[PDB]
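Written out below as structure tokens is the structure these notes cover.
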Amino acid sequence: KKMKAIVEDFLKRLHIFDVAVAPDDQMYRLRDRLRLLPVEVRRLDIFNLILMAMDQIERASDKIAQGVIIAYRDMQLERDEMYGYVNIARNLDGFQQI
Amino acid sequence: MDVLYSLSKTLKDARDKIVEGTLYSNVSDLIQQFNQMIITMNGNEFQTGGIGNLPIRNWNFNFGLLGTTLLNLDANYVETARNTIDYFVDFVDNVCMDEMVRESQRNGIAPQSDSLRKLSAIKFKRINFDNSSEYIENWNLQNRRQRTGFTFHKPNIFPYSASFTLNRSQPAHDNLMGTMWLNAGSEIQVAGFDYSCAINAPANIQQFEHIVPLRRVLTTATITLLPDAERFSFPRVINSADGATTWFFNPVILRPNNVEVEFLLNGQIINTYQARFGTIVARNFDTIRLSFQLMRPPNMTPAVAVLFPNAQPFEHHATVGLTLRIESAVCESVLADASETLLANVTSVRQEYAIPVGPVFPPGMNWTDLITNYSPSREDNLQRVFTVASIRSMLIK
Amino acid sequence: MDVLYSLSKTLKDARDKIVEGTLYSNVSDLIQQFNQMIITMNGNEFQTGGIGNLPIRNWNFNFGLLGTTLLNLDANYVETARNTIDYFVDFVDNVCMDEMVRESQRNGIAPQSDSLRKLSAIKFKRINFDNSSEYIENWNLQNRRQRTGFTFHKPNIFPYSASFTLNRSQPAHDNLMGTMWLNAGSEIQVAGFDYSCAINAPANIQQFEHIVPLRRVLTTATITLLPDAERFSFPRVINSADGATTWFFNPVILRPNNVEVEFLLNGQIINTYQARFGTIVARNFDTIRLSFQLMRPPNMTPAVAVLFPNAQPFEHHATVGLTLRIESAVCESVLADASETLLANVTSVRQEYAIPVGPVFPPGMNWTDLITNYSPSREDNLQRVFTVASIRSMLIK
Amino acid sequence: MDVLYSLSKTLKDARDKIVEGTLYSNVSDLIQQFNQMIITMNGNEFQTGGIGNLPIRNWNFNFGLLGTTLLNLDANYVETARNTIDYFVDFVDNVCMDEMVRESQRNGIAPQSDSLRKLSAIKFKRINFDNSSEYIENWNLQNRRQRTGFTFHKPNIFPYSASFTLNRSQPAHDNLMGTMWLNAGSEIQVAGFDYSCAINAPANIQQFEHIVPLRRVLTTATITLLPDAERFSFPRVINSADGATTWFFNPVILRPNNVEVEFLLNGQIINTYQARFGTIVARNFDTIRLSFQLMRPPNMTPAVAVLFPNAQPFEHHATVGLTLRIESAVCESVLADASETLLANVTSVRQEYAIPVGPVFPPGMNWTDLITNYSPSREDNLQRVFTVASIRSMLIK
Amino acid sequence: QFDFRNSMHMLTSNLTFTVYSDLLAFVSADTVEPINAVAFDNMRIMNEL
Amino acid sequence: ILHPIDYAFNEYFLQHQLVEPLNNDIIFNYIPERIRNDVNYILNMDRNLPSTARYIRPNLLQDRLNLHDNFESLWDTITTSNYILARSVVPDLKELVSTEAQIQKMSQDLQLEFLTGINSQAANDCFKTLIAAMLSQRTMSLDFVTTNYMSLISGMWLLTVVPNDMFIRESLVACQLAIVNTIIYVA
Ligand SMILES: [Zn+2]
């Protein structure tokens, strides 16, 4: 993620700056000084909501899985309400993770 | 240990701060910490107990996070938090007891219970929060290999001893010279006695010494030194050195002459005080040497002179004493003092659950034996159990 | 009470953390709390005093909020904050004094001052903040009917009692057997004496027992036990049991024999120590039973044998003593200890404002009587006044 | 002083809160404070030491700001912070020692060391954080001239003095009468003795008085009052008033009669207790007046009538006594006490670095002499050095 | 799984209000006659008439 | 009926609204204080604000990036923009002295056996330039001909009334050196 894009958007929305002209060292100084400021309370609280609930949102998603255990051995298909038989693993316990 | 302290600290902060009507800005950081703890603990299984009468307990964590969107907390939020807090507090309590009741002769500083061994893992490092209590900060400093220090009010540094030494003695115990002492907790009372009142001594002065070595170095100690041993100033019937018979001690108290108190580190005089009583400071020492003289009064009124004849019949025995109290001190190693309750907590847990005597500590956590034979393994185990006791006391009262 | 504690806590945080130059990120949340306090208290009128000589004072709250648009707060911010802090601190002071100077036989836990009754309203609940102090923690716990614990350095648990029992006596008071004791604060000091030195007793052993029942159950207490009672080891002239005459006590001290100190809980022996001295732990107890014995020395040197004749005239009286000091302890109820100053603050306020004696507390807050008869109503009122006194001391010296 | 305290507080919080794995939200405010401190301190040069054996040290500050772009702290972040923390901690230690070892006759409250004078500039005000500690709070209050207060456990307010007064006496020292006291630390033990046992006194009563004026006003003090002087109740040989001979004192202890303890302020009785022993409260006083009496027992058993004859050969000397311990008190001025260690720290630094005797404090920081002559300049310098010692103790143990 | 009891909430707000933006259209400002317009010292700005 | 996450978002929105009550007191305090105390401006609250009137107060926290420290290009742009705005808002002078009459008198007094660039347009331009440059803290350089001792005479008043740090140092020293070495030391 290039914070130079964020700094360019910042300068652009300030509306008095021709962003194409700002020197490079000053752009990076601006990035460095922005990285040090504490976040505003409303924005930070919204971000906390999203960060605490993003795991659940991703798990709720239907077009992606969280991984695949291979296990190279005969494992009985689990029985679930959502589908008769599935290879659903509910946790990666007991397997090396890559 | 850091993880366990963080758990207890988080639970105590949740108890103190999550209250009805409080601004959520007051507990935003705390609730972030609480949710992080819940996330980290979720899906893990723990077992505690199994030694002595301590029941075997199984702990599973499947809790839901706490809300973060109210402006002021309400009763619903407080109850929802308290339900989880009770379970976490119970888990911390049992883990702390399991750690206290155990000991190891090798690597006593490392965790001994399986729950704490599991918490030692890297996955749980996300629960660290704060390390601001005295015992946890000393733990962290020691691990970082820096100077540590525990400040004690009346430290129990002297193993309980009460005994006498007779430099002059006879079977009849009619004419004795020597010293008697009580070293207990944080006080030393010493009394040199001579039955003849130094009638035949050179220059009519009898010298007395008393050396008290400590098991650990004490620093920046405030001490009270007073010129009389009130414990050895009344008639007594003591039993002989070998217990065969009993002898009489009818003291009459004189002022101690040429009082010198030396505080020594590595056998060298660090502090020294001459004829000075009251509050004194010993900056760094591991031995206390007290020297004091019984000087026969050169001038006596008749009532005084009649007490001390020049022949054997001696009904009054000239005694001179000192009393030394360590009010406060700082030590690198953990001790038992009059203000803290950590020794009491450890001993109480062990006695309540009837822990069999282990390979390290003395029976009943006898502090006299422990401080008499304060060894490296004993010190490590004692510090571990005291740190766990402080962690538990943060929550249990 | 929680709202009062929160007012004091936020005022203390404001007076500590609002100092010129400090970053605003250091006081953001504190200023949010302070502004909420101001908003809630604004437009309210309180009246304090009117009991004894405590002045009748009126409090009108109309204050502007503290600024929020500032990086490092400056002299203007500090001045505008301190002007409000002074008024709020004075208001809290007077509310606490009004609460302390009142008592109620019925509902001693309920607020007594009308100012605190007002603050009990649900409108003020938004100022609750964090109840992190020990006394407020215990207040909340006992409100919820949960376990409470107060840690004390030598708690004042024994009502003062200096007395003697004569198990054997006659008008001449020249052949007496019995015990003397002084209970005070945290120290029991007992001494059993026998004028005949157990010459005519079976096995030449005289038994002495001393039962001290506490009014409250102490837990995890460290206790220093010593084998002599220095208070009853010097000649005395004691007035008889009925004050008719006086009798002479000329003691000679022997070691106590078969010492047994046992701590009992509802009659069951929870802890027991046999002939052990130094530091000991009582995990949970409400009575102390000290049993000891005067054993006539089987063997005596002539200087001792002279002291104990077979016939009547007993010039010297054999005495065996014990000293017991509760150094530290934990109690469910509120007590007075050495370190804390809550009893002192409450008594000082009552004496200063000449509060008439009410129905609950004894005159002048006499701790001896208050702890001798520690009724439930007295406990409720004492906990209330001690909690409010700690709240006050959080701001005032 | 405030800036130095802020540096120490920031470093203590950095060491406690900046730990591996901790959530960044647990530290964000502290990290802002720490970066503010680095920005302020960068580019400045300091010099400490040069007095006594304290080594000269030069301090240069060029550090990078701690990061603010992590979710959970990792080993990298902790390692980067630790080096900065160590350098700052050493700097604070040396500044505190250099300030503690200095003193001034005039303006003793003002900073004395070059480093602290530099820190007193206006450029360094940006680091103030929070002045939570008791000593810094009282420092700020005293600077504003508000009312300060320090709470002490067993305050050292009585300079050590053991003495006696003889209202009746003769060359032979056979028929003495008078008082005999020890005042030390927080205890007063006073015994009034009469060899004739009030045989010829009016109403068979001998009156005794003892006045102990304190150097400072004590407030809300809890006192323990007991009816005997254990220290003065055994046979003694005592040097005469002019030291030219010795006399004999053979006490027999009676109950003190009409005991009256007055705590006085400006000569006005603030608290008065009659025949009440145990825990008492003195709300505000600067003098303690103990009055008691030796009343000849109107009725005596033969064993007492023998002790107390009419003629001169008095073998037993009647004695009454009183003991008074200040368990806990509050003072506007700074004092040494049992619990704390500030006097010990200051004395330790001076002794370790062999600081020459200066113009304010007595040699070796002798507390007896200091409290005996506790001048305003000594109070100022002592408060300064104690506050610096507290700041130092926040980091060094 | 959908749980009605855990999904049913009660949302509270205000009934109605108007949000303004100019904040100075409510201020009616006039200027004294320019000839007798005084400076900070309470004397006419231009006093050479 | 909301999912717990949806309810969290909506509850946060409901509990943390940015609107605040608005009153004539807030409007009056929003008016700049110096304008309020100035007796040349008469301000009245001739409008009634109902109790259910709200506003979103601006976030006027002073700049957190310190664009005046080591941001030369950005600070130059900022000062230029503020200068343009100040020029827009500075008032125009009225009933100046007659240009022809003043020029004739100046020519007669100077007896040039100079008078270029003197006119109402230039006077107004200078007034606006001075005030706007001071408002925006734009550095202003000085352009002059050393032979034009009349311009130097005017520059004497310029330097008297405009603080010297408003001019680039080279221009200030040039103007002062010209003044001294063509009028003062010579006199
Ligand atoms: Zn103590």
Side-chain angles (χ1 to χ4, degrees), chain E residues 31-49, chain F residues 34-35 38-41 68 72 75-112 114-187:
Chain E
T31 290
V32 69
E33 293 185 8
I35 182 168
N36 46 251
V38 301
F40 84 98
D41 58 333
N42 200 24
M43 297 297 180
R44 268 187 289 276
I45 290 166
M46 294 198 150
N47 208 325
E48 190 70 0
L49 68 173
Chain F
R34 180 135 61 262
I35 306 306
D38 190 356
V39 291
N40 294 344
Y41 303 102
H68 59 280
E72 299 297 335
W75 194 245
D76 189 356
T77 291
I78 282 170
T79 51
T80 314
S81 304
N82 293 337
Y83 172 77
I84 299 301
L85 183 63
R87 276 193 71 91
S88 82
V89 296
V90 170
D92 302 10
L93 304 178
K94 290 299 185 182
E95 61 172 27
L96 307 171
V97 173
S98 183
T99 306
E100 296 290 60
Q102 190 64 289
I103 287 284
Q104 191 145 331
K105 179 174 187 304
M106 290 180 64
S107 68
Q108 281 190 9
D109 236 61
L110 297 178
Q111 217 75 328
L112 296 170
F114 270 79
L115 294 310
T116 184
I118 288 169
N119 49 76
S120 60
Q121 304 94 60
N124 283 282
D125 178 69
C126 169
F127 189 73
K128 287 185 180 61
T129 300
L130 295 181
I131 287 166
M134 282 199 292
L135 284 169
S136 52
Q137 300 294 281
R138 269 287 268 183
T139 299
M140 62 207 315
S141 153
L142 292 168
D143 193 8
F144 63 91
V145 182
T146 298
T147 309
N148 205 337
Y149 51 83
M150 200 64 204
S151 298
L152 298 176
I153 293 290
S154 306
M156 295 177 73
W157 172 88
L158 176 66
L159 298 179
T160 293
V161 308
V162 168
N164 289 2
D165 56 2
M166 262 294 104
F167 308 105
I168 187 179
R169 173 59 98 92
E170 276 71 24
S171 296
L172 182 80
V173 298
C175 186
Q176 291 188 351
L177 190 60
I179 282 171
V180 295
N181 284 343
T182 62
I183 291 168
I184 303 184
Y185 273 21
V186 187

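Throughout, a chain's letter reflects where its sequence line sits, starting with A, and its residues are numbered from 1. Because only heavy atoms are used, hydrogens play no part in the values below, and waters and symmetry mates are left out as well, while side chains stay in.
- For the pair F:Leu130/F:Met140, a side-chain contact is recorded, criterion being any heavy-atom separation below 4.5 Å from C-beta on.
- The two residues E:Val38 and F:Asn40 have their closest heavy-atom pair at O-ND2, 3.0 Å.
- Of the candidates F:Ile78, F:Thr79, F:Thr77, F:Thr77 is the only one forming a side-chain contact (heavy atoms from CB on, under 4.5 Å) with F:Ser81.
- For residues 149-180 of chain F, the pairs satisfying ring-ring contact (aromatic ring centres under 6.0 Å, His included) are F:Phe114-F:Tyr149, with sequence neighbours left out.
- The two residues F:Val90 and F:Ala132 come nearest to each other via the heavy atoms CG2-N, 4.4 Å.
- F:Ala123 and F:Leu93 get closest at one heavy-atom pair: O-CD1, 4.2 Å.
- Between F:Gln104 and the options F:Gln108, F:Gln102, F:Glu100, a side-chain contact (heavy atoms from CB on, under 4.5 Å) holds for only F:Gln108.
- Across all their heavy atoms, F:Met156 and F:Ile179 have their closest contact at CG-CD1, 3.7 Å.
- Using a 4.5 Å cut-off on side-chain heavy atoms (C-beta onward), F:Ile153 and F:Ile183 make contact.
- With rounding to the nearest 0.5 Å, the separation of CG in F:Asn164 from CG in F:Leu159 is 5.5 Å.
- Inter-residue side-chain proximity for F:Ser136 and F:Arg87 is flagged as unmet; no heavy-atom pair is nearer than 4.5 Å.
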Given F:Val39 and E:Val32, is the side-chain contact (heavy atoms from CB on, under 4.5 Å) satisfied, shown in steps?
CA-CA 8 Å; F:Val39 291; E:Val32 69; over 6 Å; no
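- Rounded to the nearest 0.5 Å, atoms CD1 (F:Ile168) and CG (F:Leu142) are 10.0 Å apart.
- A distance of 13.5 Å separates CD of F:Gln121 from SG of F:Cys126, quoted to the nearest 0.5 Å.
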Under the criterion side-chain contact (heavy atoms from CB on, under 4.5 Å), I'd like the reasoning laid out for F:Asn148 against F:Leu152: C-alpha separation, chi angles, the key distance, then a yes or no.
CA-CA 7 Å; F:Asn148 205 337; F:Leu152 298 176; over 6 Å; no
F:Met166 and F:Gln137: CA distance, side-chain angles, deciding distance, side-chain contact (heavy atoms from CB on, under 4.5 Å) verdict:
CA-CA 7 Å; F:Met166 262 294 104; F:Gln137 300 294 281; 3.8 Å; yes
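- Summarising the local packing, CG of F:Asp143 is surrounded by 12 or fewer heavy atoms from other residues, nucleotides or ligands at distances under 6.0 Å.
- Considering every non-hydrogen atom in both F:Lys128 and F:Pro91, the closest pair reads NZ-O, 3.7 Å.
- Scanning all heavy atoms of the two residues, the minimum distance from F:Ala178 to F:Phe144 falls at CB-CE1, 3.9 Å.
- Here E:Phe40 contributes atom CZ and E:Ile45 contributes atom CD1; the two are 11.0 Å apart, rounded to the nearest 0.5 Å.
- Taken from CG in F:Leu172 to OG1 in F:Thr139, the straight-line distance is 11.5 Å, to the nearest 0.5 Å.
- A donor-acceptor pair shorter than 3.5 Å cannot be found between the side chains of F:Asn124 and F:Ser120.
- Atom-to-atom distance recorded for F:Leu112:CG and F:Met106:CE is 9.5 Å, nearest 0.5 angstrom.
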